[PDB]
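To start, the structure under review is shown below, and the notes come after it.
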Amino acid sequence: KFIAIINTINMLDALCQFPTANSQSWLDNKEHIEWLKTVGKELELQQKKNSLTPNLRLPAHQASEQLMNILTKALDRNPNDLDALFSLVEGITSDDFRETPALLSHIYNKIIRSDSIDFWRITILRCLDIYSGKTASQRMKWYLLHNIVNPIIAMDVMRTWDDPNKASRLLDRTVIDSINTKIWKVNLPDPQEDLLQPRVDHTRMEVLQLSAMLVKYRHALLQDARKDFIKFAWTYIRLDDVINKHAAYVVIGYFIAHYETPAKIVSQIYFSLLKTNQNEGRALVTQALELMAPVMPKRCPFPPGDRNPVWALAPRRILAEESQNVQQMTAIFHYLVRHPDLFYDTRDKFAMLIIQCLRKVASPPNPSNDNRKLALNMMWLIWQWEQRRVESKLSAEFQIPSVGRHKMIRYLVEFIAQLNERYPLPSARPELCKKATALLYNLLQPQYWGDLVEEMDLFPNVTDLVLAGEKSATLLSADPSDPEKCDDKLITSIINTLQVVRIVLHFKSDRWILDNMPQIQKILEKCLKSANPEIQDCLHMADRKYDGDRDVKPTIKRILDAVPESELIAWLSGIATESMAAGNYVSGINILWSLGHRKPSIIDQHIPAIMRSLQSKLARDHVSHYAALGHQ
Amino acid sequence: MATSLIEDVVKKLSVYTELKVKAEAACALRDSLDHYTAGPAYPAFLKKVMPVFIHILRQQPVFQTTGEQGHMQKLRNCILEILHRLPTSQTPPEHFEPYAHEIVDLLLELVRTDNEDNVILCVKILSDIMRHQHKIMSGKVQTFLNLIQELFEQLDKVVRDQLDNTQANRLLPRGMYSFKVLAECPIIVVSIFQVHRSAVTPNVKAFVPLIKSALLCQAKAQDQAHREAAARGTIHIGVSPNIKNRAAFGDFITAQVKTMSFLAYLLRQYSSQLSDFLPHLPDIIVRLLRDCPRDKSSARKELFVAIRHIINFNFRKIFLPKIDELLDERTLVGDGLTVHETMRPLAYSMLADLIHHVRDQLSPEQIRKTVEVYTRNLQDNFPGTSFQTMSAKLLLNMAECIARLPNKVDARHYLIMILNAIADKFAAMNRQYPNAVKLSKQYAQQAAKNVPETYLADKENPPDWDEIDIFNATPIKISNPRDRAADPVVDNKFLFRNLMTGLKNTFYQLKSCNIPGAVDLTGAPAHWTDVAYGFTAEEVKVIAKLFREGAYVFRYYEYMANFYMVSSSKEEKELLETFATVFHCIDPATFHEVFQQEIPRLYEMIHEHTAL
């Protein structure tokens with residue numbers, strides 16, 4: 001019998017591949033469709049079990065697809081017959097047939113794209129009638145809501161984006177009243193007992209999506225049902241499913257942003273949102289918080305002259321109570337980083353917390369990218385607060401203690417030194433670093449914390465362990481060719497540290513450099529002898545292109561200018577002589593360039609070495625290479 | 001500082017309004033301890049507050065939590081919180097060291113006698129004291145070990161009382177008869193084992209029977225529900241409706257999974273002691289997976305991590321008989337929305353790893369079921385591509401084991417089915433090309449703009465939607481693509497490359513399945529002797545569809561001399577060569593009859609992508 005069924009399906013499918021013959025009228029009869037559905041169910045059941053002869057497996061697999069296509073083709077004629085569509089959907093969602101893209105491709109291009117506000121209202125009302133009933137299982141309701149109702153409303157929204165405040169002639173009073181009475185006004189006698197069925201959460205999510213879309217796009221139509229919508233959204237808050245609960249929170253946030261609510265509910269929702277600990281559904285919490293935050297000043301007014309809003313004290317209380325759990329701190333800091341202006345006023349109760357918690361968020365050993373980004377964002381928030389303060393003063397303000405500024409500076413220096421990305425330089429062989437360096441430069445300006453640089457040393461621990469260390473010294477003095485002594489991380493740390501010392505020295509005073517010369521010589525002697533072009537580039541070059549729109553002088557030039565118009569000049573001349581003698585031109589030429597730019601009278605005794613190098617190696621190789629290229 | 005002094009003198013002279021004020025001031029001091037936790041005054045406050053706390057805590061336990069009872073409960077809670085919140089570290093200037101015996105003994109007695117809300121905090125404080133004050137305290141850990149062993153022993157009897165032998169006005173049960181406190185034991189025990197190493201050898205043997213008994217525990221209602229479901233031939237999943245206290249059952253399951261995690265941790269080094277308990281492990285694992293309520297996603301995730309840990313210890317060989325059961329989606333996932341939306345890739349990846357490590361001893365039914373499940377998984381509409389890539393790579397790896405089945409009919413059928421699935425995936429990818437291009441452009445423009453994103457209707461952003469988009473146009477977003485930072489074109493190219501690379505190995509495995517003596521090969525060219533033979537009319541359709549769909553996916557890489565690298569790139573050219581090479585491995589007659597039919601469609605396709 002199954003061979004006969006397969007052959008019949010093949011022939012009937014072949015009969016409908018050339019529709020341009022008006023020969024499809026056999027698809028109008030209903031008894032034929034019922035017989036086809038029966039035989040298709042029989043064949044599908046046989047396939048589900050392994051009860052077919054091994055000779056008929058692939059033919060039956062293809063016959064099922066052919067039958068589904070035949071049914072969809074029959075459905076295409078008379079698109080308005082919704083009984084056939086609902087019967088087909090019932091069959092598919094009941095595990096009787098196998099789905100094919102044709103059904104959805106017909107739903108689209110027939111129902112959703114229908115060019116008439118009629119047949120949309122009727123379809124929506126019929127779908128809501130099926131949803132309200134207690135016969136259409138759970139998968140059928142989800143299918144209808146997900147694939148017919150919501151897309152129709154989305155298409156209606158898209159088709160009426162016009163300047164003259166075009167209304168929605170589709171969404172009449174009847175549709176809104178039906179939706180309200182069937183969903184919002186339904187106070188379940190025991191919704192907690194409704195969970196005993198399977199797959200109900202998906203349809204709950206679908207109704208939540210529908211409500212959220214309505215509020216977002218047609219808020220002007222819910223004036224008479226505001227109360228019922230609030231009651232429904234508040235009721236859905238109690239669901240045990242995390243996703244459903246956070247979706248209900250999102251709906252509440254949309255309503256709050258679009259409607260006036262008593263401050264008690266807003267405060268309760270704020271406290272509940274900020275207290276969440278579950279890692280699942282973090283994006284939903286973020287969306288709800290972003291929706292709620294911009295309307296806080298209006299929703300919760302505070303007396304004039306008061307700078308301790310309840311909506312500002314809640315995060316402080318939660319941070320104090322749940323300081324043990326790191327995820328709570330991370331979430332509250334993520335929320336705070338996004339709203340600097342809001343907490344600009346109450347910074348007095350958050351600046352110290354941020355400064356002390358920066359170490360907690362990111363740890364020196366091996367933090368992740370997100371932790372580093374969050375710490376940098378916290379520092380940027382502090383910088384924004386200070387910049388706003390100074391700009392407002394220019395056009396008894398709270399100020400951080402010197403201990404906090406010192407600690408933040410040390411943390412920033414260590415973070416820059418231990419960073420991963422490398423500072424861009426011209427000699428580099430073919431964002432976080434740039435931002436950190438820019439922040440460090442901005443902070444040490446005179447009107448800003450720059451007044452603290454007088455007593456700031458060169459961070460002896462970090463500078464010594466990263467420059468004067470034996471491993472660092474041998475790697476820097478090694479041959480750049482050898483990959484063994486080309487550890488990328490170490491060289492990156494040296495480059496970043498050199499940029500740090502350059503920036504700090506740019507802001508130092510002449511007297512301090514004069515007094516502390518020996519320390520600078522000890523810290524720079526090892527690097528000044530390197531044959532790596534990038535180290536010399538850090539030491540001598542200062543270009544606006546790579547400095548991120550900053551005028552910072554080279555460290556070597558800075559120290560040379562610090563000398564009165566000495567020991568430093570003679571020492572540098574000795575380094576230049578010893579580098580040129582050994583043939584290390586990278587160090588010697590750069591040092592001689594700096595010295596000559598300082599005072600030409602020093603190059604008289606070096607002219608012979610420069611000439612020897614020019615006639616021996618550099619020009620010789622240049623002309624030889626170009627002659628080789630010409631020959632090639 | 002006058003507030004602290006007045007509160008202290010008020011409390012000292014104490015031994016609704018008065019109690020309310022005292023509790024408020026004490027908890028305010030607890031909150032403000034941040035300003036006083038650091039400094040040399042710690043000994044003074046510690047010594048001046050210890051006697052009063054010791055005197056107060058000695059009173060009888062209070063079950064009521066209303067009015068004065070609730071006020072004193074909150075007072076005690078926010079007073080005890082100081083010890084846990086206090087920096088009790090082992091730093092040299094620590095002052096709490098010489099006065100630990102009395103406090104820890106009193107806390108142990110309270111844990112023995114107090115209620116859940118108090119005993120949980122007491123055990124947490126005991127653990128934090130243990131981690132720090134072990135230097136002179138180390139002479140009394142035996143009491144804690146015996147107490148936890150007694151808790152494990154009485155877990156069965158408390159379960160029997162709760163199930164078998166069974167808010168403001170509710171009577172609080174004793175801490176000895178709660179599942180929440182029981183679930184907290186394993187982590188504290190692990191911490192205690194980590195701290196000290198001189199009292200561990202006998203405790204493992206002592207616990208092994210206890211953990212065995214704990215894992216073997218079961219409820220009568222769930223057991224009979226499972227038995228009747230088995231009698232009916234079906235499988236019961238979820239919580240039996242006969243249960244009267246669902247929260248208690250959920251807490252019991254949480255305790256069971258915590259015990260399983262503890263067993264997995266202990267299995268790292270002392271597997272020899274658990275060699276007797278190993279054989280029943282998979283049955284317990286399956287029962288726990290089936291019994292987990294759909295609401296508790298975190299417990300299921302913990303169970304998945306525990307299962308992975310047990311698997312990685314080379315104890316996988318005992319899972320073979322239950323692989324068939326593990327392949328069912330009802331047992332693996334369930335009916336919860338959160339699990340289905342978040343944790344499917346993890347479960348399927350761990351199952352794929354287990355199957356791959358054991359593929360050499362898989363029965364034919366298991367192979368068939370795995371092929372079915374993962375062909376279904378490949379066609380999924382997950383937002384990303386990692387799930388699909390994992391499924392595809394598992395199928396590619398399993399091809400070789402499929403080819404070794406004794407029955408060649410089944411091997412050929414399964415390989416052909418895999419090829420059909422890949423062709424279907426190619427068609428699905430072709431369906432999404434315009435949407436992918438539009439989304440790539442939109443994401444590039446949005447990244448260029450660099451403006452904070454608001455979830456509000458904006459006239460600057462008209463809502464353009466199409467066949468693919470219109471079915472995902474609702475406002476609530478479970479996961480923002482911004483965090484993922486994904487470009488559809490790149491992901492599609494990645495998946496396409498993987499599938500194309502696997503095609504050749506699949507065809508090679510198919511080449512060596514020819515049924516002997518099925519087709520006569522009396523005289524054939526030397527170039528056409530090792531190819532696949534014996535295709536029917538239904539398989540030529542699969543091959544033709546494979547070529548037709550595969551050739552049209554190269555639009556994603558968007559005159560012909562190309563002497564220098566122009567138009568197409570090296571990767572595209574090598575992919576095209578790999579695609580063309582696949583068709584050298586079939587019967588010449590099949591090649592003729594496929595390409596004779598396919599040449600016109602290829603001609604049409606070339607007019608839109610000249611690199612073809």
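Ordering of the structure tokens sets the chain letters (A, B, ...), residue numbers begin anew at 1 in every chain, and ligands are numbered from 1 in the order given.
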Would you kindly report the residues of chain A within 8 Å of chain B, using only C-alpha atoms, as a PDB file with C-alpha atoms, in the first residue's frame?
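The resulting file, iface18.pdb, is shown below:
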ATOM      1  CA  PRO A  54      14.806  -0.287   3.707  1.00  0.00           C
ATOM      2  CA  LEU A  58      14.251   8.081   0.724  1.00  0.00           C
ATOM      3  CA  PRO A  59      11.171   7.885  -1.568  1.00  0.00           C
ATOM      4  CA  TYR A 108       3.798  36.049   4.156  1.00  0.00           C
ATOM      5  CA  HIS A 146       4.096  34.633  16.695  1.00  0.00           C
ATOM      6  CA  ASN A 147       3.400  34.230  12.975  1.00  0.00           C
ATOM      7  CA  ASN A 150       2.363  40.412  15.708  1.00  0.00           C
ATOM      8  CA  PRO A 151       3.708  40.622  12.114  1.00  0.00           C
ATOM      9  CA  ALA A 154       4.382  45.462  12.679  1.00  0.00           C
ATOM     10  CA  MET A 155       3.457  45.822   8.999  1.00  0.00           C
ATOM     11  CA  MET A 158       5.674  50.322   9.049  1.00  0.00           C
ATOM     12  CA  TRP A 161       5.125  56.396   9.090  1.00  0.00           C
ATOM     13  CA  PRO A 198       3.692  22.439  29.102  1.00  0.00           C
ATOM     14  CA  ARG A 199       4.848  25.167  26.714  1.00  0.00           C
ATOM     15  CA  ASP A 201       5.749  30.124  28.980  1.00  0.00           C
ATOM     16  CA  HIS A 202       6.291  30.673  25.251  1.00  0.00           C
ATOM     17  CA  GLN A 209       5.766  40.998  23.341  1.00  0.00           C
ATOM     18  CA  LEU A 210       2.407  42.075  21.911  1.00  0.00           C
ATOM     19  CA  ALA A 212       5.186  45.857  24.780  1.00  0.00           C
ATOM     20  CA  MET A 213       4.881  46.573  21.054  1.00  0.00           C
ATOM     21  CA  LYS A 216       5.879  51.382  22.449  1.00  0.00           C
ATOM     22  CA  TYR A 217       4.235  52.266  19.136  1.00  0.00           C
ATOM     23  CA  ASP A 240       8.658  31.975  38.363  1.00  0.00           C
ATOM     24  CA  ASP A 241      10.301  32.074  34.923  1.00  0.00           C
ATOM     25  CA  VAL A 242      13.230  34.498  34.895  1.00  0.00           C
ATOM     26  CA  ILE A 243      12.723  35.512  31.260  1.00  0.00           C
ATOM     27  CA  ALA A 247      10.000  40.825  30.174  1.00  0.00           C
ATOM     28  CA  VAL A 250      10.533  45.702  30.532  1.00  0.00           C
ATOM     29  CA  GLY A 281      18.520  37.982  31.692  1.00  0.00           C
ATOM     30  CA  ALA A 283      20.178  42.408  28.945  1.00  0.00           C
ATOM     31  CA  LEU A 284      16.518  42.640  29.964  1.00  0.00           C
ATOM     32  CA  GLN A 287      16.848  47.578  28.950  1.00  0.00           C
ATOM     33  CA  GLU A 290      17.634  52.406  30.539  1.00  0.00           C
ATOM     34  CA  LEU A 291      13.905  52.857  29.940  1.00  0.00           C
ATOM     35  CA  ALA A 320      26.771  49.072  51.022  1.00  0.00           C
ATOM     36  CA  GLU A 321      24.644  46.009  51.793  1.00  0.00           C
TER      37      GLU A 321
END
Please provide the set of residues having any atom within 9 Å of residue 42 of chain B, restricted to only C-alpha atoms, with same-chain residues fewer than 4 positions apart removed, written as an mmCIF file with N, CA and C atoms, in the first residue's frame.
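part.cif written:
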data_model
loop_
_atom_site.group_PDB
_atom_site.id
_atom_site.type_symbol
_atom_site.label_atom_id
_atom_site.label_comp_id
_atom_site.auth_asym_id
_atom_site.auth_seq_id
_atom_site.Cartn_x
_atom_site.Cartn_y
_atom_site.Cartn_z
ATOM 1 N N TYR B 36 34.834 52.496 60.327
ATOM 2 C CA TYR B 36 35.481 52.066 61.557
ATOM 3 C C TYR B 36 36.159 50.707 61.453
ATOM 4 N N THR B 37 35.966 49.973 60.354
ATOM 5 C CA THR B 37 36.575 48.652 60.235
ATOM 6 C C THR B 37 38.096 48.730 60.238
ATOM 7 N N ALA B 38 38.661 49.817 59.720
ATOM 8 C CA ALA B 38 40.104 49.993 59.645
ATOM 9 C C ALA B 38 40.563 50.935 60.750
ATOM 10 N N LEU B 46 35.650 45.251 69.896
ATOM 11 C CA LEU B 46 35.435 43.812 69.993
ATOM 12 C C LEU B 46 35.177 43.396 71.436
ATOM 13 N N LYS B 47 36.028 43.848 72.361
ATOM 14 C CA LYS B 47 35.885 43.438 73.753
ATOM 15 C C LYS B 47 34.664 44.070 74.405
ATOM 16 N N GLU B 94 46.172 41.328 63.424
ATOM 17 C CA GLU B 94 44.883 40.777 63.820
ATOM 18 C C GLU B 94 44.775 40.708 65.339
ATOM 19 N N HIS B 95 43.618 41.120 65.861
ATOM 20 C CA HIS B 95 43.366 41.136 67.295
ATOM 21 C C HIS B 95 42.332 40.113 67.742
ATOM 22 N N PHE B 96 41.617 39.482 66.810
ATOM 23 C CA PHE B 96 40.571 38.525 67.150
ATOM 24 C C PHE B 96 41.117 37.152 67.523
#
Review point. Any idea what's packed within 12 Å of residue 271 of chain B, counting only C-alpha atoms, ignoring anything in its chain fewer than 2 positions away? Could you give it as a count of residues only?
Key: 20
Exercise for review: Show which residues sit within 10 Å of residue 289 of chain A, as a ChimeraX atom specification. Count only C-alpha atoms, and ignore same-chain residues fewer than 2 positions away.
Suggested key: /A:249-250,253,269-270,273-274,283-287,291-294,335
Exercise for review: Please indicate the distance in Å from atom CA of residue 141 of chain A to atom CA of residue 203 of chain A, rounded to one decimal place.
Suggested key: 6.7 Å
Practice item. For residue 326 of chain A, work out the shell of residues within 9 Å, counting only C-alpha atoms and skipping chain neighbours fewer than 5 positions away, then give it as number ranges by chain. Key: A: 331, 360-361
Review point. Quick one, how far is atom CA of residue 312 of chain A from atom CA of residue 355 of chain A?
Key: 18.4 Å
Exercise for review: Considering only C-alpha atoms, return as a ChimeraX atom specification whatever protein or nucleic-acid residues lie within 8 Å of segment 319-325 of chain B, sequence-local ones (same chain, fewer than 3 positions apart) excluded.
Suggested key: /B:282-283,316,328,331,358,362,366,369
Could those residues be written to a file, using N, CA and C atoms, as a PDB file, in the first residue's frame?
ATOM      1  N   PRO B 282      25.161   6.606  36.400  1.00  0.00           N
ATOM      2  CA  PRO B 282      24.354   7.122  35.279  1.00  0.00           C
ATOM      3  C   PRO B 282      22.859   7.097  35.542  1.00  0.00           C
ATOM      4  N   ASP B 283      22.362   6.079  36.248  1.00  0.00           N
ATOM      5  CA  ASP B 283      20.938   6.036  36.564  1.00  0.00           C
ATOM      6  C   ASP B 283      20.540   7.208  37.450  1.00  0.00           C
ATOM      7  N   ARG B 316      34.129   7.726  31.360  1.00  0.00           N
ATOM      8  CA  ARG B 316      33.055   7.815  30.380  1.00  0.00           C
ATOM      9  C   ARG B 316      32.505   6.457  29.961  1.00  0.00           C
ATOM     10  N   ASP B 328      17.222  11.933  24.123  1.00  0.00           N
ATOM     11  CA  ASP B 328      15.897  12.535  24.116  1.00  0.00           C
ATOM     12  C   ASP B 328      15.966  13.968  24.630  1.00  0.00           C
ATOM     13  N   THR B 331      14.321  14.759  28.330  1.00  0.00           N
ATOM     14  CA  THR B 331      15.164  14.520  29.496  1.00  0.00           C
ATOM     15  C   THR B 331      16.311  15.520  29.575  1.00  0.00           C
ATOM     16  N   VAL B 358      33.460   8.031  22.492  1.00  0.00           N
ATOM     17  CA  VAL B 358      33.011   6.653  22.668  1.00  0.00           C
ATOM     18  C   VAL B 358      32.527   6.091  21.332  1.00  0.00           C
ATOM     19  N   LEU B 362      29.664   2.162  19.432  1.00  0.00           N
ATOM     20  CA  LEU B 362      28.277   2.599  19.346  1.00  0.00           C
ATOM     21  C   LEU B 362      27.467   1.593  18.538  1.00  0.00           C
ATOM     22  N   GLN B 366      22.033   3.601  18.164  1.00  0.00           N
ATOM     23  CA  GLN B 366      22.597   4.834  18.699  1.00  0.00           C
ATOM     24  C   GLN B 366      23.109   5.728  17.579  1.00  0.00           C
ATOM     25  N   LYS B 369      20.085   7.349  15.867  1.00  0.00           N
ATOM     26  CA  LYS B 369      19.477   8.396  16.681  1.00  0.00           C
ATOM     27  C   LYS B 369      20.359   9.638  16.740  1.00  0.00           C
TER      28      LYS B 369
END
12 Å contact set for segment 492-497 of chain A, only C-alpha atoms, chain neighbours under 5 positions out, as a short mmCIF file (atom, residue, chain, number, x, y, z; two decimals) with N, CA and C atoms, in the first residue's frame:
data_model
loop_
_atom_site.label_atom_id
_atom_site.label_comp_id
_atom_site.auth_asym_id
_atom_site.auth_seq_id
_atom_site.Cartn_x
_atom_site.Cartn_y
_atom_site.Cartn_z
N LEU A 412 46.12 53.94 37.92
CA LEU A 412 46.14 54.22 36.49
C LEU A 412 47.51 53.93 35.89
N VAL A 413 48.57 54.30 36.60
CA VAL A 413 49.92 54.04 36.09
C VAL A 413 50.17 52.55 35.96
N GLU A 414 49.80 51.78 36.99
CA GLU A 414 49.99 50.33 36.92
C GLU A 414 49.15 49.72 35.81
N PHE A 415 47.91 50.18 35.65
CA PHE A 415 47.05 49.66 34.60
C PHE A 415 47.63 49.92 33.22
N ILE A 416 48.17 51.13 33.01
CA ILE A 416 48.79 51.44 31.72
C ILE A 416 50.01 50.56 31.50
N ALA A 417 50.83 50.39 32.54
CA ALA A 417 52.06 49.61 32.40
C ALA A 417 51.76 48.16 32.06
N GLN A 418 50.74 47.57 32.69
CA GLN A 418 50.43 46.16 32.53
C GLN A 418 49.42 45.89 31.41
N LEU A 419 49.06 46.91 30.63
CA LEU A 419 48.07 46.74 29.58
C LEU A 419 48.58 45.76 28.52
N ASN A 420 47.67 45.36 27.62
CA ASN A 420 47.96 44.40 26.56
C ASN A 420 48.32 45.08 25.24
N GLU A 421 47.49 46.00 24.77
CA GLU A 421 47.74 46.66 23.50
C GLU A 421 48.98 47.54 23.58
N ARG A 422 49.64 47.71 22.44
CA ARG A 422 50.89 48.44 22.36
C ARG A 422 50.68 49.84 21.79
N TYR A 423 51.48 50.78 22.27
CA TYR A 423 51.39 52.16 21.81
C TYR A 423 51.78 52.25 20.34
N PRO A 424 50.99 52.91 19.49
CA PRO A 424 51.35 52.99 18.07
C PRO A 424 52.52 53.94 17.85
N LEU A 425 53.49 53.50 17.05
CA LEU A 425 54.68 54.27 16.75
C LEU A 425 55.00 54.13 15.26
N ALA A 428 56.83 50.88 14.27
CA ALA A 428 56.16 49.60 14.48
C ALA A 428 56.22 48.75 13.22
N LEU A 432 42.25 51.16 24.00
CA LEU A 432 42.38 51.27 25.44
C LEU A 432 43.64 52.03 25.82
N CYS A 433 44.76 51.73 25.16
CA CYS A 433 46.01 52.43 25.45
C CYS A 433 45.88 53.92 25.15
N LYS A 434 45.29 54.26 24.00
CA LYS A 434 45.12 55.66 23.64
C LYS A 434 44.26 56.38 24.67
N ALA A 436 43.65 55.56 27.83
CA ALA A 436 44.32 55.65 29.12
C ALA A 436 45.39 56.74 29.11
N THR A 437 46.18 56.81 28.03
CA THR A 437 47.21 57.85 27.95
C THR A 437 46.58 59.24 27.90
N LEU A 458 58.88 58.82 40.51
CA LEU A 458 58.78 58.06 39.27
C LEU A 458 58.27 56.65 39.48
N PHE A 459 57.47 56.42 40.53
CA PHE A 459 56.87 55.12 40.79
C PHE A 459 57.97 54.06 40.83
N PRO A 460 58.84 54.13 41.85
CA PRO A 460 60.07 53.32 41.82
C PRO A 460 59.83 51.84 41.62
N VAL A 462 57.39 49.99 40.10
CA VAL A 462 57.04 49.60 38.74
C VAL A 462 58.17 49.95 37.78
N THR A 463 58.69 51.18 37.88
CA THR A 463 59.71 51.60 36.93
C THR A 463 60.95 50.72 37.02
N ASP A 464 61.39 50.40 38.24
CA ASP A 464 62.56 49.54 38.41
C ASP A 464 62.28 48.14 37.88
N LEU A 465 61.19 47.52 38.32
CA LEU A 465 60.94 46.13 37.93
C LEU A 465 60.69 45.99 36.44
N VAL A 466 60.30 47.07 35.75
CA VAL A 466 59.98 46.97 34.33
C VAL A 466 61.07 47.55 33.42
N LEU A 467 62.02 48.31 33.95
CA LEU A 467 63.10 48.85 33.14
C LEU A 467 64.48 48.39 33.60
N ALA A 468 64.77 48.47 34.89
CA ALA A 468 66.08 48.10 35.41
C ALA A 468 66.18 46.62 35.76
N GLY A 469 65.10 45.86 35.62
CA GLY A 469 65.16 44.45 35.91
C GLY A 469 66.13 43.73 34.99
N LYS A 471 66.03 40.72 33.63
CA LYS A 471 65.39 40.13 32.45
C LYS A 471 65.04 41.20 31.43
N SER A 472 64.46 42.31 31.89
CA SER A 472 64.14 43.40 30.98
C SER A 472 65.39 43.97 30.34
N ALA A 473 66.45 44.15 31.13
CA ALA A 473 67.69 44.71 30.60
C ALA A 473 68.29 43.81 29.53
N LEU A 475 66.74 41.49 27.72
CA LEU A 475 65.88 41.45 26.54
C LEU A 475 66.04 42.70 25.70
N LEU A 476 66.11 43.87 26.34
CA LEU A 476 66.25 45.12 25.59
C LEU A 476 67.62 45.21 24.93
N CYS A 486 62.54 38.15 21.97
CA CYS A 486 61.57 39.06 21.38
C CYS A 486 60.19 38.86 21.99
N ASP A 487 60.16 38.57 23.29
CA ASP A 487 58.89 38.42 23.99
C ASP A 487 58.04 39.67 23.81
N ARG A 502 57.60 59.56 30.05
CA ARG A 502 57.66 60.75 29.21
C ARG A 502 56.56 61.73 29.59
N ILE A 503 55.33 61.23 29.73
CA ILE A 503 54.21 62.12 30.04
C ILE A 503 54.42 62.78 31.40
N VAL A 504 54.82 62.00 32.41
CA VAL A 504 54.97 62.60 33.74
C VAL A 504 56.08 63.64 33.73
N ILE A 523 67.61 55.09 35.27
CA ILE A 523 66.42 54.50 34.68
C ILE A 523 66.50 54.48 33.16
N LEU A 524 67.25 55.41 32.55
CA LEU A 524 67.27 55.54 31.09
C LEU A 524 68.52 54.97 30.44
N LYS A 526 69.94 52.00 30.36
CA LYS A 526 69.79 50.71 29.68
C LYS A 526 69.06 50.88 28.36
N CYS A 527 68.00 51.70 28.34
CA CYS A 527 67.21 51.86 27.12
C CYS A 527 67.94 52.70 26.08
N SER A 530 69.78 50.70 23.38
CA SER A 530 69.09 49.66 22.63
C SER A 530 69.23 49.89 21.13
N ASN A 532 66.91 48.58 19.14
CA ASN A 532 65.55 48.44 18.64
C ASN A 532 65.03 49.80 18.20
N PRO A 533 64.58 49.96 16.95
CA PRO A 533 64.11 51.29 16.52
C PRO A 533 62.94 51.82 17.33
N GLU A 534 62.11 50.94 17.90
CA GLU A 534 60.91 51.41 18.59
C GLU A 534 61.25 52.05 19.93
N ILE A 535 62.25 51.53 20.64
CA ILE A 535 62.66 52.14 21.90
C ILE A 535 63.21 53.54 21.65
N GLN A 536 64.07 53.68 20.65
CA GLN A 536 64.58 55.00 20.29
C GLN A 536 63.47 55.92 19.81
N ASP A 537 62.47 55.35 19.12
CA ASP A 537 61.32 56.14 18.70
C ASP A 537 60.56 56.69 19.90
N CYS A 538 60.36 55.86 20.92
CA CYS A 538 59.73 56.33 22.15
C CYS A 538 60.58 57.41 22.82
N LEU A 539 61.90 57.24 22.80
CA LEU A 539 62.77 58.14 23.55
C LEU A 539 62.90 59.50 22.88
#
Exercise for review: Identify which of the residues B:235, B:444, B:292, B:396 lies closest to residue 250 of chain B, counting only C-alpha atoms when measuring atom-to-atom distances.
Suggested key: B:292
